[PDB]
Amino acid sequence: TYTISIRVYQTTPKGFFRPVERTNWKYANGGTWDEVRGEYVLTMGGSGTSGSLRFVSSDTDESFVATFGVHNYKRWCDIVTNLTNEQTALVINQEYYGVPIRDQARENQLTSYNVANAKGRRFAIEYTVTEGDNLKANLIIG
């Protein structure tokens, strides 16, 4: 059993991102999302699956999907932004298991990743605990 506990940091008062969706991929006996002591906790039944969080800022027409998982016993993460209205977390989460560019992101097994949207705002995931079964990460909104 793995857990990934996520702390969300919203660094600028320009815009307001709110949680809108949390999904679990079906591999490795699935997983769950819990809220624990102000953090988002993804629990997974083994190595080889993942979960996604979507955040939306309706003030500024911005959004992103942040995905966290374990691939071949190493943690991974990705962020997708510039989302179409069809790109919910349900959609994005699944694409990491068949879409070459998404597959690659997962295979990279990154301890940190950042990307910016077309509006110039950057988002980042930073794993603070990178080993073991109780992983920890910061999700930083620029």
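Numbering starts at 1 and runs along the sequence shown.
Averaged over their C-alpha atoms, the temperature factors of 39 to 47 and 110 to 118 are higher for 110 to 118. Taking only CA atoms, the mean B-factor in the PDB entry is higher for 6 to 14 than for the other of 21 to 29 and 6 to 14. In the PDB entry, a CA B factor belonging to the highest third of its chain's modelled residues is recorded for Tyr73. In the PDB entry, a CA B factor belonging to the lowest third of its chain's modelled residues is recorded for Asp34. For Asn85, the recorded CA temperature factor ranks within the highest third of the chain's modelled residues.
Compared with the other modelled residues of the chain, the Cα B-factor recorded for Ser52 ranks in the lowest third. When the modelled residues of the chain are ordered by C-alpha B-factor, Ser63 sits in the middle third.
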